[PDB]
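Input: a single structure, listed below in structure tokens.
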Amino acid sequence: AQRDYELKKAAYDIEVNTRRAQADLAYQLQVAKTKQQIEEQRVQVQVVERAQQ
Amino acid sequence: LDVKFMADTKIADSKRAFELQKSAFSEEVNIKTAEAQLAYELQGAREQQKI
């Protein structure tokens, strides 16, 4: 009876840990994507600055 | 004493069946325990790829 319960617990824990790992790291991925858009415009100022110089 | 030793044998044969099955069940538990512990890295390393 203990074994029958232990195996389902471990089986469900695989999915819970998997989904938690995804959710945990989901923030930094978007932070990278957002910075990707930002940096393009940060250095775009250099182009405009040089053009007036 | 003759009956004693015979009683001790039947207690041992009962012991035998139990410890044998504990071992079989523990193998299964131990196996899926490792996976439950390490799944965070299997997913973590896989997510660092996109990051």
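Taken in order, these protein sequences are the chains called B and A.
Residues are numbered in PDB author numbering as their position in the first sequence, beginning at 1, plus a constant of 211.
Residues are numbered in PDB author numbering as their position in the second sequence, beginning at 1, plus a constant of 201.
For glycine and all other residues, C-beta sits at the position ideal for the given N, C-alpha and C.
Contacts that residue i makes with chain A (C-beta to C-beta distance below 7 Å)
{"i": "B:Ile249", "result": "Per Cβ cutoff of 7 Å: no residues; B:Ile249 is ~17 Å from chain A at best."}
Alpha carbon of residue i to alpha carbon of residue j, nearest angstrom
{"i": "B:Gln252", "j": "B:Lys220", "result": "50 Å"}
{"i": "A:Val230", "j": "A:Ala208", "result": "33 Å"}
{"i": "B:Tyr238", "j": "A:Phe219", "result": "50 Å"}
{"i": "B:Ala222", "j": "A:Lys233", "result": "7 Å"}
{"i": "B:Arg231", "j": "A:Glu248", "result": "12 Å"}
Member of the options whose CA lies at the smallest distance from the CA of residue i
{"i": "B:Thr229", "options": "A:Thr210, A:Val204, A:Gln238 and A:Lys251", "result": "A:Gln238"}
{"i": "residue 333 of chain A", "options": "B:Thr245, B:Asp215 and B:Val227", "result": "As shown, chain A starts at 202 and ends at 252. That puts residue 333 of chain A outside it, with no answer to give."}
N-terminal and C-terminal residue of the alpha helix (DSSP H) that residue i is part of
{"i": "B:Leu218", "result": "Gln213 to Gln263"}
{"i": "A:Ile212", "result": "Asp203 to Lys251"}
Partners in chain B for residue i, counting only beta-carbon separations shorter than 8 Å
{"i": "A:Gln250", "result": "In chain order: nothing, as chain B lies at least about 11 Å away."}
Beta-carbon neighbours of residue i, restricted to chain A and to distances below 9 Å
{"i": "B:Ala232", "result": "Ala240, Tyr241, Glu242, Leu243, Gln244, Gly245, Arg247 and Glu248"}
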